[PDB]
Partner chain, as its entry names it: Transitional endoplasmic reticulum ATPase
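Read the single chain below, which is given as structure tokens and is the form solved without its partner chain.
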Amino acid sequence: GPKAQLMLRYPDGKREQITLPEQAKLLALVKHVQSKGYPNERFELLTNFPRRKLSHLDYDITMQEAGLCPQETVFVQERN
């Protein structure tokens, strides 16, 4: 069925592609980025287009509830 095909763009220039089911919760993505060395307390996720600050959303909602598109580019940014 429907998926969130994600391009992750880390700020050192590393890139990673993952796919999550549309019913996966945002937390899954947050935790994945955390395991890659980018803890939520210091980093936040921003989608390119549409532009969304995912840290402004509750992590317990699903990709579909968050309104993500079938394909997204997610920038990992240091919080400000």
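Positions refer to the first chain, counted from 1. Throughout, rigid core stands for the largest set of C-alpha atoms superposing within 1.5 Å between the two forms. Shifts are known only where both forms have a C-alpha.
The next section is about a form of this same protein that is not shown, the form deposited with its partner chain bound.
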Closest heavy atom of residue 25 to its partner chain in the entry with it bound, within 4.5 Å or not?
no
4.5 angstroms heavy atom contact with its partner chain in the entry with it bound for residue 35
no
Although the partner isn't part of this model, could you tell me whether residue 42 comes within 4.5 Å of its partner chain in the entry with it bound, counting any heavy atom of the residue?
no
Residue-level contact is defined here as any heavy atom of the residue lying within 4.5 Å of its partner chain in the entry with it bound; does residue 12 satisfy this criterion?
yes
Comparing between the shown form and the other one on the rigid core: C-alpha of residue 53 shifted by 2 Å or more?
no
Answer yes if the Cα of residue 67 shifts by 2 angstroms or more between the shown form and the other one on a rigid-core superposition, and no otherwise.
yes
Segments of at least 3 residues with every CA displaced 2 Å or more between the shown form and the other one, core-aligned, in sequence order?
48-51, 67-69
